[PDB]
2 protein chains.
Amino acid sequence: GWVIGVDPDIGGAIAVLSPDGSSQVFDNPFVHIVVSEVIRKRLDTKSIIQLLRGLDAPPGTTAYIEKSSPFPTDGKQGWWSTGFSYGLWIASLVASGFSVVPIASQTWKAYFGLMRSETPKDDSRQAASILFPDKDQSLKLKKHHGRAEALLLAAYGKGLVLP
Amino acid sequence: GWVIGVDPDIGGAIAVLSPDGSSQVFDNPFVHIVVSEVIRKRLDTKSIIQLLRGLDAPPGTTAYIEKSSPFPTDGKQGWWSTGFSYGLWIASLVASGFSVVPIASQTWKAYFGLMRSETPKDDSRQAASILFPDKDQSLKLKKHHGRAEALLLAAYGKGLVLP
DNA sequence: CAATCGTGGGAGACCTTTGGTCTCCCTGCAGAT
DNA sequence: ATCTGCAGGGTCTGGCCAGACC
DNA sequence: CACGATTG
Ligand SMILES: [Mn+2]
Ligand SMILES: [Mn+2]
Ligand SMILES: [Mn+2]
Ligand SMILES: [Mn+2]
């Protein structure tokens, strides 16, 4: 009954579903660092691992993480950060005792009927609100689509269905 | 007394130096996976974690990892893998109780006088053989330059000097 | 703070800082000795 | 196996093609 | 997706 979902990008989130139906969602911790004399956001390694140590999810809990698949038209910094966020999350999840199952974005979108949307991030927040109504106040901003994708990944791995 | 050096690429290595002067060097564990219907080498996350947790180095031991600096002329997959390997190693080292200090490749090269070499991989192997003569049999192949790079990073953090 | 937009990008360490100069790692294939 | 050369590249799923996505 | 802006 324990399922973890991870949206790994810099505005992403981690969702935890418990066997009693309750859910948690945490924004991905980040820090500001200096790269090439400008400011960049990067995931906070220590806060991520400290977040995972304090979860009540037992070892062997499956973590469903979105498969890294950046676009060819994305720049090389987008490719680096997609890879960096992917490896940092996977290593943190494996070291915390969790079994990592990568899920393509096409898989959970087709599962919830979210393919070919004009507003995919808004539809994600709507679908996660319907699946997790106690998280509806945590999904009202446009920036909360990372929270929704983490919830939908965990909802996919748990086998929940929309009404 | 205890210093760890990490060369994070797919042919890289991790070197561990003990306060009695002895040394160990392990090739980076990897697996073959399928990406876009071809075979790719990716770092073996679970084997890296259990390698770090089998070390006798106490928690708080500083792990010097080569700083990520892919070239602008490198392709977007090289940027992805450089980022992925960097984040996978950093999260693995932090979760195992080690403190991570990134070191630019120019830093330990200048400290050992290896800059502007026409055969830099050969020179790293010869420099590591002189610093760690019980690893001379483990540095005889050209592919062993990742073992040398990890040994030299660890030698930089320990303050060793060449004769 | 929160949202929107347009394009896809290096980064780093000294030298003798206040910018300039110069340096450095790879991946992913194919083929050959 | 081990080394060399060279240019810098998507990847995925639902069934080689088609069409989808961060 | 990232990055480096601009918008109120
Ligand atoms: Mn995502
Ligand atoms: Mn996201
Ligand atoms: Mn290296
Ligand atoms: Mn290397």
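Just the heavy atoms: all of them, side chains too, but no hydrogens, waters or symmetry mates, feed the values below. Letters go in sequence order (proteins before strands), and every chain restarts at 1.
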Considering only the [atom1] atoms, how many Å lie between [N] and [M], rounded to the nearest integer?
N       : M       : atom1 : result
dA2(E)  : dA13(C) : P     : 24 Å
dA20(D) : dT13(D) : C1'   : 8 Å
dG15(D) : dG19(D) : P     : 14 Å
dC12(D) : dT23(C) : P     : 39 Å
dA30(C) : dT11(D) : P     : 14 Å
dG9(C)  : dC14(C) : P     : 29 Å
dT17(C) : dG12(C) : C1'   : 15 Å
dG5(D)  : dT33(C) : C1'   : 13 Å

What pair of heavy atoms forms the shortest contact from [X] to [Y], and how long is it?
X       : Y       : result
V25(B)  : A13(B)  : CG2-CB, 4.1 Å
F112(A) : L131(A) : CE2-CD1, 3.5 Å
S85(A)  : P8(A)   : CB-O, 3.2 Å

| task | For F71(B) and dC25(C), say yes or no: do the ring centres fall under 5.5 Å of each other while the ring planes differ by less than 30°? | result | yes
Does the structure show a Watson-Crick or G-U wobble partner for [N], both distances under 3.5 Å? Name it, or say none.
N       : result
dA30(C) : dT4(D)
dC5(C)  : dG4(E)
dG10(D) : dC21(D)
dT23(C) : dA11(C)

From the set [options], return the single nucleotide nearest to any side-chain atom of [X].
X       : options                   : value
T107(A) : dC3(D), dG14(D), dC1(E)   : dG14(D)
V38(A)  : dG4(E), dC22(D), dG9(C)   : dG4(E)
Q77(A)  : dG10(D), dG14(D), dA2(E)  : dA2(E)
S69(A)  : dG12(C), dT11(D), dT27(C) : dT11(D)

| Parallel, tilted or perpendicular, as decided by the 30° and 60° cut-offs, for the rings of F84(B) and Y86(A) | tilted
| Parallel under 30°, tilted from 30 to 60°, perpendicular over 60°: which one fits the rings of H32(B) and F30(B)? |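 Because their plane-to-plane angle is over 60°, the rings of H32(B) and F30(B) count as perpendicular.
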| said: Please check, using ring centres under 5.5 Å and planes under 30°, whether the bases of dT17(C) and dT16(C) stack on one another. | reply: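 Result for this step: unstacked.
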| message | Using centres closer than 5.5 angstrom and planes tilted less than 30 degrees as the test, would you call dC14(C) and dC15(C) a stacked pair? | response |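 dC14(C)/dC15(C): stacking flag true.
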| said: Within the 3.5 Å criterion, strictly below it, is a donor on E149(A) or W108(A) matched to an acceptor on the partner's side chain? | reply: no
| task | Using only heavy-atom distances, determine whether the side chains of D44(A) and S47(A) contain a donor-acceptor pair under 3.5 Å. | result | yes
| task | Nearest whole angstrom, please: distance from the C1' of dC12(D) to the CH2 of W108(A). | result | 14 Å
| request: For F30(B) and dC26(C), give me the distance from atom CZ to atom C1', rounded to whole Å. | output: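 Distance check: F30(B) CZ to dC26(C) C1' gives 16 Å.
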| task | Would you state whether a donor and an acceptor, one from the side chain of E37(B) and one from the base of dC16(D), lie under 3.5 Å apart? | result | yes
| said: Regarding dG10(C), can its base be found pairing with the side chain of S36(A) as donor and acceptor, where the two atoms are less than 3.5 Å apart? | reply: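 Such a pair does not exist between side chain and base.
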Just by the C1'-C2'-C3'-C4' torsion, is [N] north or south?
N       : answer
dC14(C) : south
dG9(C)  : north
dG9(D)  : north
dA5(E)  : north

| field | Note, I65(B) side chain near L153(B) side chain (heavy atom, < 4.5 Å) | value |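 Side chain of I65(B) against side chain of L153(B), heavy atoms only: no contact under 4.5 Å found.
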| Side chains of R147(B) and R125(B) in contact at under 4.5 Å (non-hydrogen atoms) |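 Counting from C-beta outward, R147(B) and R125(B) never come under 4.5 Å.
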| NZ/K158(A): more than 12 non-hydrogen atoms of other groups inside 6.0 Å |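 More than 12 within 6.0 Å, yes.
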According to a strict under-4.0 Å criterion, is [X] in side-chain N/O contact with OP1 or OP2 of [N]?
X       : N       : value
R40(B)  : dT27(C) : no
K143(B) : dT2(D)  : yes
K76(A)  : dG9(D)  : no
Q106(A) : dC22(D) : no

| note | By nearest-nucleotide position on DNA chain D, the 5'-leaning member of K109(A) and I103(A) is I103(A)
| field | Residue whose nearest DNA chain D nucleotide is more 5′ - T73(B) or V35(B) | value |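 Residue closer to the 5' terminus by nearest nucleotide: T73(B).
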Within the 4.0 Å heavy-atom criterion, would you say [X] contacts the bases, only the backbone, or no part of the nucleic acid?
X       : result
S105(B) : sugar-phosphate
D9(A)   : sugar-phosphate
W79(A)  : sugar-phosphate

| task | Please work out which residues in residues 114-134 of chain B have a non-hydrogen atom less than 4.0 Å from an atom of DNA chain D and list them by number. | result | none
